[PDB]
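In: First piece of the complex, coordinates kept as in the full assembly:
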Amino acid sequence: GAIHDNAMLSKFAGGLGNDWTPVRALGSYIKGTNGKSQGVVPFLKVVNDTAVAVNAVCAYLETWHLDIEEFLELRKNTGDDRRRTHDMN
């Protein structure tokens, strides 16, 4: 729903700030299945592709969040692109 909102609010060049701190981090239990969460970054990848497709978005993460170290490196020029969001602030 939040990603749907991003697309709708960006439909006419709007800018967005997204708070992603509530989304649970790598290793968290998920009662949906019986597996572990891969963190916020796989969803930020969807945010990134949405900014590209609707083209402006800045994601915020609190400093105690367990995904913070991956978050800090999302704009490095080199490395695994699955751990990068080059079109998202």
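Out: Now that the structure is in, tell me what you want to look at. Numbering: from 1, shown residues only, chains lettered A, B, ... in the order given.
In: drop to CA atoms for contacts and neighbour counts, all remaining ones
Out: OK.
In: gap between residue A:48 and residue A:34?
Out: The gap separating residue A:48 from residue A:34 is 28 Å, by CA to CA, to the nearest Å.
In: can you pull out the helices in chain A?
Out: All helices of chain A, identified by DSSP state H, fall at A:2-9, A:41-54, A:68-71.
In: out of those helices, which comes closest to residue A:88?
Out: Smallest distance to residue A:88 across the helices of chain A (CA to CA): 5.4 Å, for helix A:41-54.
In: pull the CA atoms of the closest one into PDB?
Out: This file holds the C-alpha atoms of helix A:41-54, laid out as PDB (Å, rounded to 0.1, in the frame of the first residue of the first chain):
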ATOM      1  CA  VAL A  41      16.400  -3.500   1.300                       C
ATOM      2  CA  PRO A  42      14.500  -5.900  -0.900                       C
ATOM      3  CA  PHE A  43      11.500  -3.700  -0.600                       C
ATOM      4  CA  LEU A  44      13.500  -0.500  -1.100                       C
ATOM      5  CA  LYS A  45      14.500  -2.100  -4.400                       C
ATOM      6  CA  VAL A  46      10.800  -2.100  -5.300                       C
ATOM      7  CA  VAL A  47      10.700   1.600  -4.200                       C
ATOM      8  CA  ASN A  48      13.700   2.300  -6.400                       C
ATOM      9  CA  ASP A  49      12.100   0.600  -9.500                       C
ATOM     10  CA  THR A  50       8.900   2.500  -8.800                       C
ATOM     11  CA  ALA A  51      10.700   5.900  -8.800                       C
ATOM     12  CA  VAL A  52      12.300   4.900 -12.100                       C
ATOM     13  CA  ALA A  53       9.000   3.700 -13.700                       C
ATOM     14  CA  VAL A  54       6.900   6.700 -12.600                       C
END
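In: Okay, buried residues for that helix please.
Out: Across helix A:41-54, burial judged by 16 or more other CA atoms under 10 Å covers A:41, A:44, A:45, A:47, A:48, A:49, A:50, A:51.
In: With respect to residue A:72, which of the residues you listed is nearest?
Out: Taking CA to CA as the measure, residue A:72 lies nearest residue A:41 of these, at 10.9 Å.
In: I'd like to know how many residues surround residue A:39.
Out: 19 (other CA atoms under 10 Å).
In: wouldn't it be in contact with residue A:22 here?
Out: No - Residue A:39 lies out of contact with residue A:22 (CA atoms under 8 Å); the separation is 10.8 Å.
In: end-to-end on stretch A:75-88?
Out: First-to-last residue span, stretch A:75-88, CA to CA: 8 Å.
In: what's the answer for stretch A:32-50, then?
Out: So stretch A:32-50: terminal residues 25 Å apart, CA to CA.
In: which other residues reach it?
Out: Here stretch A:32-50 makes contact (CA atoms under 8 Å, 6 or more residues apart in numbering) with A:3, A:6-7, A:20, A:23-30, A:59, A:67, A:70-71, A:82-88.
In: next one is chain B, place it on the structure:
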Amino acid sequence: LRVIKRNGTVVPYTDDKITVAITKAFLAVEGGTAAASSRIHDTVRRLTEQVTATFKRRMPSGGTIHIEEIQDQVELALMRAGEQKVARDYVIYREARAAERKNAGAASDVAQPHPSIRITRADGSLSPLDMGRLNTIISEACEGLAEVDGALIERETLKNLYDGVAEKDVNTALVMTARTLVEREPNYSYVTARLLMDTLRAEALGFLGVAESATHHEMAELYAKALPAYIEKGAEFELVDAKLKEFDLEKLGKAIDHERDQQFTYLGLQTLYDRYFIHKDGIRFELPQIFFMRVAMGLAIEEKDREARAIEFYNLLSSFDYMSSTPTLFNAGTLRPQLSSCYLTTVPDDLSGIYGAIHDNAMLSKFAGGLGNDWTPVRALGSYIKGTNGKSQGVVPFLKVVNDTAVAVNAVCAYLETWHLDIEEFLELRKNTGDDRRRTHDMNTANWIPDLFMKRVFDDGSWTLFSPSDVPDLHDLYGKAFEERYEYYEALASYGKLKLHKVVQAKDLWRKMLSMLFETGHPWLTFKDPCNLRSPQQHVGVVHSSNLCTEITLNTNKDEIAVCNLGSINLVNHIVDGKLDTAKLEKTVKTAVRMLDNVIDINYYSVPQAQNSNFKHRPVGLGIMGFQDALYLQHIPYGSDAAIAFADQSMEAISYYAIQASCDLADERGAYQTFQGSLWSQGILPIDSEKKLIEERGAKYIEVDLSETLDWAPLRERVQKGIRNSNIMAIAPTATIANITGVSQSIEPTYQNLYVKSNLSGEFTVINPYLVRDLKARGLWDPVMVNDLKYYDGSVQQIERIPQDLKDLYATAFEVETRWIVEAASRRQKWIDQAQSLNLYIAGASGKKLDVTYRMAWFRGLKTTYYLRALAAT
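Out: Below is chain B, added to the chains above:
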């Protein structure tokens, strides 16, 4: 240099002893006249030299070697010199004197081996190994099986045990030396599973507090005691739906047949135990027959006669006559059960609905659901966008969002119609190289091909690409209506009254489609018009695509996400003395359809438009498996007119019973809401759908057999009065459930008669059980045959000793001509109201060969094709 004598002592290394030994052997085969011969003496000293040299070559300053190590090198020197008569008499004499030593040693033997190993208990206490119970489980395991030797297994096991073994790894030791025997006799697979069951019984029963240990025939009375204990603990831990306590567990406890545990192959039991049996704290406390009873109960929680129907469903499942789909097996009988996990959607051409479809993809995939997405309605590159006052970049940037959602939620297949202006970019989405902004490496793709495109290929005609926003009515049209409207738009663009378009040669786009299918495996080829013209639900909707696996053809719209509710008949269990058991097949189909209809009501729905479509139309998909194995039992090679005939008639029989079963549910539950107007209402059965399809497309472009072996006129009458399900049949892949039941995959030809599983300790080869059984009848099952099969990776071709009738019957997937698989699928499709997942295997691999193949698939009235498996080696 010194030598270790036969018994301990050490002596200097003396060439003379070697020279004397070899000389004795020459004088034995020749006379005494050879005593003084420069030849012998020259030869012996030459052989003695290269022997003594060999020991010097491998060692530094002296050493010690065994006496037998020298005898072997003496034989080697004689043999490499071509001294056949002297070498063999040297061997013979040497063996004669080894026999006397061996015998004399056995005469002076003393016997000590005793007492027994002490088995270590979990608590830490030692206990002597029970030899009586050990003989009981291995005998009950070899029960009813041929060419299995219980004593042989007990001896080979008893070897690899040590003082202080735990009863935990004493069973695994029995299993280890039981599956090592399947290579020479497949029936040991059953023995291996029955031995492993001993650990499961102790694990489950000990957890339930029923018993700390138990044997097989002891389950005759313990399965009834364990069931109520299982349900109570299952609901306590919220692993089993509490409604199951509303059943009469005493009555269900008696219905359990403990002998059906003997049916399991090692792979089938491993599959259930690893992933399907309910567990807590890593402990599996659900036994196999109770597993089948849970699924049966879960499917009957809303029947009027809970117990009677639960027993009917349990008997069908536990016998392997039919097997529910993977999600039903996993979730039936649990809270909020996801019994179906296959869906079809259509994406609207607006941004909110696009991202509503992305949202649905995520929710439907939250529990391993598979998805087909129709992306055709979304406007293509260059289309106008009001409000933005810009131009669209087409569907691919949105498919990238889909692709990353599939990665985020942990498959989906996107469909696009062949006139869509983004089609060319679509065909390349799965290339390994190139711009990554134009790739979706985690998403499947499929072509949604109108008949008219294939017509233009056959006729070397042209083909115009449009954006759907300029032609919004085409996607929903089909058949003649589509071709008229499409040619109208085509003429418009040629007169400059439809600016956004692209004209290509149909053959050129067709070639690109086949080269991408060959190079990347995608997009798959599916045919829009047969899916729609033969759909029973044409009066209330349109089929916009197929599903992830390309066997489902259900309507979708703004308020309808189609749901695939699936199960498969086990054809093997309906082959008797070489014939199809027509009578037993009806009983299994009748119960199968009922179970599938129940799935609709019990299934817990996450998105409301999936509930809406299932409740409105009640489609099910009853398939088949074990087809290749059923051919074996009739000794029919897959590449023959006799297999094509069996595929036609077996589907016609199942179809009759499945349709007849749906009429029985309609009498008891009422027809589905939208029955009025369906093809069923018009008396147009699948066999009649084929006839109208030929009329519509024209005989110039389609030819399919129309033969019939049953009388359909009486059933064509009762159907018009009402049936319970809009769709009945679909042949889906059966990876897991075929392994559970121990049969071949759906309609697949055997991929290889031999495979080498290697995932624990060593590697264990598994050989087609039907092949070995036939080779026994011929007397051709022996060690050399096994060594030849490994060398040829299971191919019985080009091994001389196997007669030609078996070379044909056990031809593998890549050595059966593709035309047999297509023609067989063509005749099955005459009776199926949906479609069938059809993998194609092509050796030789040429664009020419792909052309003739997929032209034939279309020409023969197929609705879908699936994976292409191509080899360019031949």
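In: now with chain B: the neighbour count of residue A:39?
Out: Residue A:39 has 20 neighbours, counted by other CA atoms under 10 Å in any protein chain shown.
In: Distance of it relative to chain B?
Out: Separation of residue A:39 from chain B (CA to the nearest CA, to the nearest Å): 9 Å.
In: Strands of chain A, start to end?
Out: With DSSP state E, the ranges of strands along chain A come out as A:16-19, A:29-30, A:35-36, A:57-60.
In: I'd like those as a markdown table, with distance to chain B and mean neighbour count appended.
Out: Below are those laid out as a markdown table (distance: least, CA to the nearest CA, whole Å; neighbours: other CA atoms under 10 Å in any protein chain shown):
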| stretch | distance to chain B | mean neighbour count |
| --- | --- | --- |
| strand A:16-19 | 17 | 14 |
| strand A:29-30 | 11 | 12 |
| strand A:35-36 | 11 | 12 |
| strand A:57-60 | 16 | 15 |
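In: I'd like those strands written out as CSV, with distance to residue A:75 added.
Out: Shown next, in CSV, are the strands of chain A (distance: least, CA to CA, whole Å):
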stretch, distance to residue A:75
strand A:16-19, 17
strand A:29-30, 28
strand A:35-36, 25
strand A:57-60, 12
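In: Those: which one's closest to residue A:77?
Out: strand A:57-60 (17.9 Å).
In: hey, C-alpha coordinates of the closest one in CSV?
Out: The C-alpha coordinates for strand A:57-60 follow below in CSV (Å, rounded to 0.1, in the frame of the first residue of the first chain):
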residue,chain,number,x,y,z
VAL,A,57,12.1,9.5,-3.1
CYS,A,58,14.1,9.6,0.1
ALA,A,59,14.0,6.6,2.5
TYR,A,60,14.7,7.1,6.2
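In: How about residues contacting that strand?
Out: With CA atoms under 8 Å, 6 or more residues apart in numbering or on different chains as the test, strand A:57-60 has contacts from A:15, A:16, A:17, A:18, A:19, A:20, A:21, A:44, A:51, A:88, A:89.
In: how far is it from where the chain is centred?
Out: 8 Å (CA atoms, centre = their mean, to the nearest Å).
In: Any residues of chain A in contact with chain B? List them.
Out: A:1, A:3-4, A:7-8, A:11-12, A:32-33, A:38, A:42-43, A:45-46, A:49-50, A:52-53 (CA under 8 Å from any CA of the partner chain).
In: repeat that with 6 Å
Out: Chain A comes close to chain B at residues A:4, A:42, A:46, A:49, A:53, as judged by CA under 6 Å from any CA of the partner chain.
In: What residues sit buried inside stretch A:68-87?
Out: The neighbour-count criterion (16 or more other CA atoms under 10 Å in any protein chain shown) identifies A:68, A:71, A:74, A:75, A:83, A:84, A:85, A:87 as the buried residues of stretch A:68-87.
In: what's the nearest residue to the first one if we skip its chain neighbours?
Out: Nearest residue to residue A:68, sequence neighbours excluded (CA to CA, 6 or more residues apart in numbering or on different chains): residue A:61, at 7.0 Å.
In: All set now, cheers.
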